[PDB]
Ligand code: VO4
Ligand SMILES: [Ca+2]
């Protein structure tokens, strides 16, 4: 079973934990990877009920389970805050333009 499912992608809590740890360390190092510079700030304009406070940052989580290192970031993302607290898992899948929907 999947702890989070984004579209057709299934993630376990260990997949989320692994991806967040890598995104958080680049954020502490003031480093980014990929053409779209991840991790980068996330603005909650869609109003997702996250129980952890802002600011928020997004980093790609890959269906392969590999940690993102550059190349195509896919559609899904882990969102974490300044305190390295997980806020949610969201995706561009099934959302228009560059809007997001939450993974379930
Ligand atoms: O870098 V994205 O916000 O377009 O997921
Ligand atoms: Ca996995």
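We're sticking with Swiss-Prot numbering for chain A, so the shown stretch reads 27-130, in order.
Every residue gets a Cβ built from N, Cα and C, even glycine.
Look at Swiss-Prot and you will find 66 tagged as active site, backed by experimental evidence. What Swiss-Prot lists as active site, proton acceptor is 84. Annotation source Swiss-Prot lists active site, proton donor at 118. As annotated by Swiss-Prot, disulfide bond applies to 28-36, 32-129, with the evidence given as experimental evidence.
Shown on the structure are the features that Swiss-Prot records.
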residue	record	Cβ contacts under 8 Å, 6 or more apart
28	disulfide bond	36, 37, 38
32	disulfide bond	101, 102, 115, 116, 117, 119, 129
66	active site	58, 83, 84
118	active site, proton donor	101, 102, 124, 125, 126
Enter the number of other CB atoms within 10 angstroms of the CB of residue 36 (disulfide bond).
14
Let's check the environment of the residue listed as 'active site, proton acceptor': how many other CB atoms sit within 10 Å of its CB?
23
Hey, what's the Cβ neighbour count for residue 129 (disulfide bond) at 10 Å?
23
